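Q: Protein chains in written order, with the working numbering: chain A, 869 to 940; chain B, 19 to 215; chain C, 354 to 497; chain D, 3 to 74.
Built from N, CA and C at the ideal position, the CB exists for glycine as well.
Below you'll find the structure I mean.
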Amino acid sequence: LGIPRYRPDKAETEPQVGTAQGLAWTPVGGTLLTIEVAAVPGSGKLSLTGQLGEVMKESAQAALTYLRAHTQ
Amino acid sequence: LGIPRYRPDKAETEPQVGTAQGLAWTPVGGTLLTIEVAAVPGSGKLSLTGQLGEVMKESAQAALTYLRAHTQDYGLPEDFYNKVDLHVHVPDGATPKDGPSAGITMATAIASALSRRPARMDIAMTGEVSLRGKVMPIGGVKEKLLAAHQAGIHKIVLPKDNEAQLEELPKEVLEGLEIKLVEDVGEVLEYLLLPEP
Amino acid sequence: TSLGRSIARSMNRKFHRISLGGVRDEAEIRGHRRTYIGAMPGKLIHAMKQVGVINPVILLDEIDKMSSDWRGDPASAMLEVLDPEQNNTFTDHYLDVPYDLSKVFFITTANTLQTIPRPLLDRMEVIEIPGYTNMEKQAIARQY
Amino acid sequence: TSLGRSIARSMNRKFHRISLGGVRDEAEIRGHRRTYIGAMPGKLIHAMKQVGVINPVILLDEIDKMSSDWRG
Ligand SMILES: Nc1ncnc2c1ncn2[C@@H]1O[C@H](COP(=O)(O)OP(=O)(O)OP(O)(O)=S)[C@@H](O)[C@H]1O
């Protein structure tokens, strides 16, 4: 068939020091939605990319408020 | 006939701060496109020209993100995002192919716009960029290498995970072009810039 | 604009002038999407819509007085107007095919050179028209 | 307004007036392109329609009170 088109049985995936893989569902079937959060210095505002709805940002602040009780 | 149909080779390909020679995929046979960037101090606002899809806006944003991650290594301004508007020119509308057109090429373009150093030429680069400094592989490097050989540009870097592409192509194009493999956008901060910073 | 009419009399083309001072919206310069009754193109496109030829001599007004309170500038849009090889790649929102304003001869107006948008300071020529004296004003009065 | 009416009386051509203040678009100064029942011109064409001559004494009412935001 040529080169294996897709990554094999995952024992070493891509280097993931700021991110992690993710499971989901499409109409056509689920994909591994490795969310990419990039922690850049700024003004502490919330800066969305990814053609996102608002449900993303309240889930986001749910996580943010979780680790704002869990900083240290 | 008269005038040459295109601009003659490597007279259009000049080392400039503004210009950027990046590979393109076109369904009637791929081309290479002249990206022009202009960064003099402003406020941080990004602007687009040329019937563009917004995905190139976010890819430029991701390029800004990588330049915000590793600022001091190449003489980049310490806080430019509050003082540098970025304005790019793209000669065409939108790629029908998904993802960024040439993401790391634009990253090098606005990094050279920020450091005000001319870009190296004889190296046509392309790729698609993520938020952790990982240049994910690009499909269709075939027509990109075809265009670069048609451009006379023999040095073409690729993302690291397209290294298995270098065995599935037939040899007659692979020998005519030099290929380097990169993983970091900081690596191609040294491969298109005329000085090392 | 007397200079513009002088140039347009020299070329015997059509002459027109449009405002750009006090424009806050890029979508004033560009068009708008087809999301409302009577959707509209840009100022430039309708200005070409009233001209009947694709090489007139067209004047602007007060290009040192745009504004935009959101990301991006209309500076990049009239920079698209600047290069004729970039003229066939307009941003457009009502229309979509980039028009051929390559042959439209461009002449501009800005009262203050310093407040022209800084992405457009490239490819401007500062030809400063100074004030006028007593006798120069008297002579041009008495003459014309 | 009666100043204008007097000036037209001295003119011996008929005065007219149209309260053009408070109008939010070009769609009833120029009208709109015909596409259905209830298609209508601008107010000026209404004005000079109810003036049966081609040279009236037209008095504008509130040019400074025009509004702008949508529909040209
Ligand atoms: N030195 C001069 N400066 C300006 N106008 C002059 C001069 N000499 C003659 N003119 C006449 O003045 C008229 C044009 O100048 P103005 O009407 O005062 O300004 P304008 O051209 O109407 O508007 P601008 O300058 O584009 S904002 C023409 O009738 C010219 O012939």
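Using the beta-carbon of each residue, which ones in chain C are nearer than 9 Å to D/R73?
A: By Cβ distance, chain C contributes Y389, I390, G391 and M393.
Q: Beta strand (DSSP E) containing C/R370: first to last residue?
A: Counting along the chain, the beta strand (DSSP E) containing C/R370 begins and ends at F368 to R370.
Q: By Cβ distance below 6 Å, which residues in the same chain neighbour B/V102 in space, the five residues on each side in sequence not counted?
A: Contacts found: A57, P59 and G60.
Q: Under 8 Å, Cβ to Cβ, is there at least one residue of chain B near C/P472?
A: Judged by the 8 Å Cβ criterion, C/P472 is in contact with chain B.
Q: Pull up the distance between the alpha-carbon of C/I371 and that of D/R26, whole angstroms please.
A: Going from the Cα of C/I371 to the Cα of D/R26 covers about 22 Å.
Q: Ligand 1: which residues have Cβ under 5 Å from any of its heavy atoms, chain order?
A: Going by the Cβ distance cut-off, the answer is C/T354, C/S355, C/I493 and C/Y497.
Q: Determine the chain B residues that contact A/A888 at a beta-carbon separation under 9 Å, and present them in chain order.
A: Neighbours of A/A888 on chain B: none; closest Cβ ~11 Å, over 9 Å.
Q: If we ignore side chains and look at the alpha-carbon of each, how far apart do B/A42 and B/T126 end up?
A: Roughly 16 Å separates the two Cα atoms.
Q: Hey, how far is the Cα of D/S69 from the Cα of C/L397?
A: So the alpha carbons of these two residues sit roughly 22 Å apart.
Q: Let me confirm a value: B/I128 is counted as buried when at least 16 other C-beta atoms fall within 10 Å, else exposed. Which label applies?
A: Buried is the call here.
Q: Does the beta carbon of C/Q439 come closer than 8 Å to any beta carbon on chain B?
A: Yes, its Cβ sits closer than 8 Å to a Cβ of chain B.
Q: Would you kindly work out how many angstroms separate the C-alpha atoms of B/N100 and C/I390, rounded to a whole number?
A: Distance between the alpha carbons of B/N100 and C/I390: 39 Å.
Q: Tell me whether C/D422 is buried or exposed, calling it buried when 16 or more other Cβ atoms sit within 10 Å of its Cβ.
A: Looking at its Cβ environment, which holds fewer than 16 other Cβ atoms inside 10 Å, C/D422 is exposed.
Q: Grab me the residues of residue 828 of chain A's own chain with a C-beta within less than 8 Å of its C-beta, minus the 5 sequence neighbours each way, in chain order.
A: Absent from the structure is residue 828 of chain A, since the part of chain A shown begins at 869 and ends at 940.
Q: Verify whether the separation of the beta carbon atoms of C/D426 and C/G374 is less than 8 Å.
A: Their beta carbons are not under 8 Å apart, which means C/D426 does not touch C/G374 by this criterion.
Q: By the 10 Å Cβ neighbour count, where 16 or more other Cβ atoms means buried, how is C/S355 classified, buried or exposed?
A: Its Cβ having fewer than 16 others within 10 Å, C/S355 is exposed.
Q: Can B/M143 and B/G40 be called in contact, C-beta distance under 8 Å?
A: A contact, by the Cβ cut-off of 8 Å.
Q: Can you give the Cα-Cα distance for residue 941 of chain A and B/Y84, rounded to whole angstroms?
A: Not covered by the structure: residue 941 of chain A. The range shown for chain A is 869 to 940.
Q: Between the Cα of C/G405 and those of C/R424, C/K456 and C/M393, spot the shortest distance and give me the residue it belongs to.
A: Comparing Cα-Cα distances from C/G405 to each of C/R424, C/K456 and C/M393, the minimum goes to C/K456.
Q: Of all the CB atoms in chain B, is at least one closer than 8 Å to the CB of A/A892?
A: False, the Cβ-Cβ gap to chain B never drops below 8 Å.
Q: What residue does the alpha helix (DSSP H) around B/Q34 start on, and which one ends it?
A: Careful: B/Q34 lies outside any alpha helix (DSSP H) and carries neither H nor E.
Q: Could you spell out where the beta strand (DSSP E) holding B/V106 opens and where it closes?
A: Looking at the DSSP string, the run of the beta strand (DSSP E) that includes B/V106 is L104 to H107.
Q: Three or more beta-carbon pairs under 8 Å between the stretch 86–94 of chain B and the stretch 464–481 of chain C, yes or no?
A: Segments in contact, no.
Q: Nearest-angstrom Cα distance between D/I56 and D/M50?
A: Cα-Cα distance, rounded: 8 Å.
Q: Could you list the residues in the stretch 174–205 of chain B with a C-beta less than 8 Å from some C-beta on chain A, going in chain order?
A: The stretch 174–205 of chain B vs chain A, Cβ under 8 Å: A182, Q183, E185 and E186.
Q: What residues from chain A crowd round B/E96, counting only those whose CB sits closer than 8 Å?
A: What B/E96 touches in chain A: nothing, since even the nearest Cβ is about 10 Å away.
Q: Tell me the rounded alpha-carbon separation between A/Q919 and C/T388.
A: So the two alpha carbons sit approximately 20 Å from each other.
Q: At the 8 Å Cβ level, is B/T83 part of the contact set with chain A, yes or no?
A: Taking Cβ atoms only, chain A reaches closer than 8 Å to B/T83, which makes this a yes.
Q: Using a beta-carbon distance below 8 Å, is B/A87 in contact with chain A?
A: Yes, contact with chain A.
Q: State whether the stretch 442–455 of chain C contacts the stretch 480–494 of chain C, with contact taken as three or more CB pairs (one from each stretch) at a distance under 8 Å.
A: Touching, no.
Q: Per DSSP, what kind of secondary structure is D/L61 in: helix, strand or coil?
A: Strand, per DSSP.
Q: Locate the beta strand (DSSP E) running through B/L50, then write down its first and last residues.
A: Segment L50 to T52, the beta strand (DSSP E) holding B/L50.
Q: With 8 Å as the limit, tell me which residues of the stretch 10–38 of chain D have their beta carbon closer than that to any beta carbon of chain C; keep them in chain order.
A: Listed in sequence order: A29 and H34.
Q: Return helix, strand or coil for B/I171, following the three-state DSSP convention.
A: Here B/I171 sits in coil by DSSP.
Q: For B/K152, which three-state DSSP category applies?
A: Correct three-state label for B/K152: coil.
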